[PDB]
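1. Part one of the assembly, not moved from where it sits:
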Amino acid sequence: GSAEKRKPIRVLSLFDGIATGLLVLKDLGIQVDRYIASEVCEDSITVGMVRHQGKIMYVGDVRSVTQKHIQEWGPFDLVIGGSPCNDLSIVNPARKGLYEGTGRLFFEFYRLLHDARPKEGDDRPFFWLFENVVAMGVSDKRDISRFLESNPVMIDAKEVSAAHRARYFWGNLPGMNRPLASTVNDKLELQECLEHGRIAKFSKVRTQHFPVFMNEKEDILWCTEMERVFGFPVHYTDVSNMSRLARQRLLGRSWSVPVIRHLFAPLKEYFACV
Amino acid sequence: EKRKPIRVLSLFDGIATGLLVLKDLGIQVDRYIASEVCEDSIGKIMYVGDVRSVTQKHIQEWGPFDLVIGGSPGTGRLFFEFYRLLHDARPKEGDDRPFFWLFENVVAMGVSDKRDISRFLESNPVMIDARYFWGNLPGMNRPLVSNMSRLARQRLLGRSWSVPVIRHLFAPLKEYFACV
């Protein structure tokens, strides 16, 4: 209810990956004051460094971050995160659940988020977002919704991209449950994402079939095609001499860019826009 | 500005243990609410059931709380519930009122779990030969037809296994809360 110049957003991104959040914020025209990211995979760190010109401040393991660190590096306006899910997904029979293995990393989020929320009486806008997979134990989803005091929103990237990617999103971002908008930049069909000389079998691709035909033979998706599918700029992940398995793994763990765009869009009215 | 009876929140295995130690040390109790993990399925003293039913608003209403205890003499599930209850019961920034907590577990745990608990609680444990005891209590600062009323009900029940030597850890509470 007061007057002031809208200021650039301050972001804390845990489990940053290939810095999808910063890319989405840049694409929206939102000015980023600073972007502190916690990531351990060196390949993802190299991707972020090269593609965002070192603007990202890397702090390493999320478990090396203390509350004193959150207050000194802070304040923060937006806290985003997507913890690893190899111990949360039901497709893994050796899953250790939300509380053991790599699932317990989620609590780190719940830790730092509570270390980052404005103290009582601070009416400043503060937003947070936590993404994970839909294919998890109902006990684990109920426990996450208990710890975050919010119910998740289910968004499938197939509605805005060419990939069957349904994900749960907890958070307090404005209008998370609002209908997604299919714009013109959205490549809804897999054929739109393929390189020249290839033909797509299905309309959408899933994370035993090889989806593309090339000449007289069958083939899996290329990394550039996978980038177009997930909404990333072409050759986004073309750094660091990493193996093809490395690029495919990095893109597999990544968020769908149009989905995160849909989620981050309402932030344009709360911060400075270039 | 004057001593008042203690208010406790217990996630420990066995609702009795904490209140028993408190009555042993002779500390007045104005509120004691207990809950269990119950991971399988779903005036002063009260039992509230599954911890999965206890919300932040419940801690607010039942509160304020002065002591928060947890643990047991699957090691990750109960500690994180205890951490959530601690965060929900902590006094807000700017409330210098006393607030203590204690978490007991077995020494036979994964070293990863021990390091994680020490990190999350910002405190190093107390070894008692053997159990680990984390806490902010003074002294726990550590460096690095026509028959019986009873009838069977088909359940196993726990007990209070800790001796008054473990209550010696709680002993400093007598200097912070009213004693009868």
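-> Right, received. Where do you want to start? Residues are numbered from 1 along each chain as shown, chains lettered A, B, ... in the order given.
2. ok, now how distant is the nearest residue to residue A:46 once chain neighbours are set aside from residue A:45?
-> Distances taken as Cβ to Cβ, 6 or more residues apart in numbering or on different chains place residue A:240 nearest to residue A:46, at 4.2 Å, with adjacent residues excluded. C-beta here means a position set from N, CA and C on the backbone, and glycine is covered the same way. As judged by Cβ to Cβ, to the nearest Å, residue A:240 and residue A:45 stand 9 Å apart.
3. go on, residue A:221?
-> 25 Å.
4. And for residue A:34?
-> 17 Å.
5. Between the two, point out the one with more neighbours.
-> residue A:45 (20 against 14; other Cβ atoms under 10 Å in any protein chain shown).
6. How about the secondary structure of the more buried one?
-> helix (DSSP: H, G, I helix; E, B strand; the rest coil).
7. all strands of the stretch 151-274 of chain A, in order?
-> For the stretch 151-274 of chain A, the strands defined by DSSP state E, counting those that start in this stretch cover A:153-156, A:163-164, A:166-171, A:198-200, A:205-206, A:212-214, A:217-219.
8. Out of the ones you listed, which one sits most buried?
-> strand A:166-171 (a mean of 20; mean count of other Cβ atoms under 10 Å in any protein chain shown).
9. That strand pairs with which strands, and in what direction?
-> Applying DSSP bridges to the sheet, strand A:166-171 is found paired with strand A:127-133 (antiparallel), strand A:153-156 (antiparallel).
10. Please compute how far it lies from its chain's middle.
-> How far strand A:166-171 lies from its chain's middle: 10 Å, per Cα atoms, centre = their mean, to the nearest Å.
11. also put chain C on there:
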Amino acid sequence: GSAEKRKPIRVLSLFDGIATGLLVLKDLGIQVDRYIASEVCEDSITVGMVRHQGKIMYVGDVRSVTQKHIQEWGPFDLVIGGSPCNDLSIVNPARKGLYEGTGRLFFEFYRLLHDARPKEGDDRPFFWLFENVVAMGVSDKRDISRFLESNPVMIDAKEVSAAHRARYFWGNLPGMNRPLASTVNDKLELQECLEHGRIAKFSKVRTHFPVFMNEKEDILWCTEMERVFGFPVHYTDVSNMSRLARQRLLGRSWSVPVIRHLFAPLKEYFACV
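-> Once chain C is put in with the chains from before, the structure reads:
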């Protein structure tokens, strides 16, 4: 001496690799009527197919190409080629020479070129080019110059790029020996070719660890190597290839500014966009 409308160039590229010739011809604004390429590496074929929208007519092994094929697919205006040099380079001690191993592939060129030369009395412009390495046996170089009836021109890509790549070029292209032009697009220094957050140790790469990133040492990335050799960034980013495959394809490739320098005079002989 007569009048006619300039027509698009017809090209025959043997040992095409990654269509360095087609890319150079497109960059120069020269209209390409037809581009028939002979290449056997499937990775290179995929690169050339994807990057040029299937404009390339791939005929496979150069040894499955006959003289009747040159007449029926012809006429051709330009014939370019760069045979493999693993049996020509003095670095390899197990080299088999020009006449054995993979060196004899050169003769295939010498074959098809003579199968594509305009017959006597045909005053039409016809150009050819054959590239290979400088580090070869003096006898093999003398033999190649004897077979092609031309002395080679030595061009080192270090003069217009950031790579110590000196090569021999035989051919009849106009003014091959003319001085090269260092333009503004030329990234002469290895630093200009690096991705963000890396520092170059040497001014030009000779392919130890050429770059320093943060506190560690590292070799050149594929995009950096593309910038070094004059290729557009992410040119070779198709086909789920292994990193070794990308480094191998870029190693065997021509330096783009050098081929541009060689092909530039062709603008006054054919139709230009």
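12. From chain C, how far out is whichever residue of chain A sits closest to chain B?
-> Closest contact between chain A and chain B, by Cβ to the nearest Cβ, is at residue A:99 (3.9 Å). Per Cβ to the nearest Cβ, to the nearest Å, residue A:99 is found 36 Å from chain C.
13. and if you look at residue A:223?
-> 7 Å.
14. Tell me, how many residues neighbour residue A:72?
-> The burial count for residue A:72: 8, using other Cβ under 10 Å.
15. ah, wrong one, I meant residue A:47
-> That count, for residue A:47 with other Cβ under 10 Å as the rule, works out to 25.
16. and it, what is it in contact with?
-> A:18-19, A:236-237, A:239-240, A:250 (Cβ atoms under 8 Å, 6 or more residues apart in numbering or on different chains).
17. Count the neighbours of the nearest residue to residue A:201 once chain neighbours are set aside for me.
-> Of all residues not flanking residue A:201 in the chain, residue A:211 sits nearest, at 5.3 Å (Cβ to Cβ, 6+ apart). By the criterion of other Cβ under 10 Å, residue A:211 has 20 neighbours.
18. Quick check: phi and psi at residue A:211.
-> The phi/psi pair for residue A:211 (degrees, to the nearest 10) reads phi -80, psi -10.
19. and what of residue A:149?
-> phi 50, psi 30.
20. Who are the contact partners of it?
-> B:55-56.
21. now with 10 Å?
-> A:170, A:172, B:55-57, B:88 (Cβ atoms under 10 Å, 6 or more residues apart in numbering or on different chains).
22. let's bring in chain D now:
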Amino acid sequence: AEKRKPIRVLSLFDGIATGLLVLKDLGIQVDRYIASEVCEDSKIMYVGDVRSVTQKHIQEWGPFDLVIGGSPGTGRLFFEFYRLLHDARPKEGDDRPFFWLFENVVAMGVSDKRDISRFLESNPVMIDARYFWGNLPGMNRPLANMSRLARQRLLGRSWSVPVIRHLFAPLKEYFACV
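-> With chain D now in place:
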């Protein structure tokens, strides 16, 4: 189109004047016989190393009617022979007779055999053993206080048997005979 004239031969075959001897055996008039030989390093003539022979030399000494090469690594020999053949071949539109023959040993890499058959566009003639490629009528094959002292040995041994001569027999139906 006109009366027969003597034959003119260009010989790179290992062993000099072997073809001259065979032509003398078959009684064919020879108006020119130029002979050369491949070397490791530096009206009937021997012109030395084939590396010194150019297209202009083939034009001056020419025209040629027969081109012979081979030996009773194999690549260098055949490829020098191919260069000489290409330089001596009549241009398109010249229907004048022009024959060639290339002999090698059967003991060769099968890759080399197929490469020679491809380059010469001809399948070989096996003779109990040597391989003979040629365009002579009959070789068409389907798909399979004394003077001498102190010098580096110059043994001119070369096999010119009647069967080998037989291959050259059709030549007497195209050129003048003494």
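23. ok chain D is in now, so what about the neighbour count of residue A:47?
-> Neighbours around residue A:47, by other Cβ under 10 Å: 25.
24. Not counting sequence-adjacent ones, nearest residue to it?
-> Here the residue nearest residue A:47, using Cβ to Cβ, 6+ apart, is residue A:18, at 4.6 Å.
25. Can you get me the start-to-end distance on stretch A:234-245?
-> End-to-end distance of stretch A:234-245: 18 Å, with Cα to Cα, to the nearest Å as the criterion.
26. Am I right that the residue nearest to residue A:47 is in contact with residue A:51?
-> Yes - in this structure residue A:18 lies within contact range of residue A:51 using Cβ atoms under 10 Å: 7.7 Å.
27. intersection of neighbour lists for those two?
-> The overlap between the contact sets of residue A:18 and residue A:51 (Cβ under 10 Å, 6+ apart) consists of A:232, A:236-237, A:239.
28. Drop anything exposed from those residues.
-> Buried members of the shared contacts of residue A:18 and residue A:51, scored by 16 or more other Cβ atoms under 10 Å in any protein chain shown, are A:232, A:236-237, A:239.
29. can you list these in JSON lines and add distance to chain D?
-> Formatted as JSON lines, those follow (distance: Cβ to the nearest Cβ, whole Å):
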{"residue": "A:232", "distance to chain D": "48"}
{"residue": "A:236", "distance to chain D": "46"}
{"residue": "A:237", "distance to chain D": "43"}
{"residue": "A:239", "distance to chain D": "43"}
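30. Report the two of these separated the most.
-> Among those, the pair separated by the greatest distance (Cβ to Cβ) is A:232 and A:239, at 12.8 Å.
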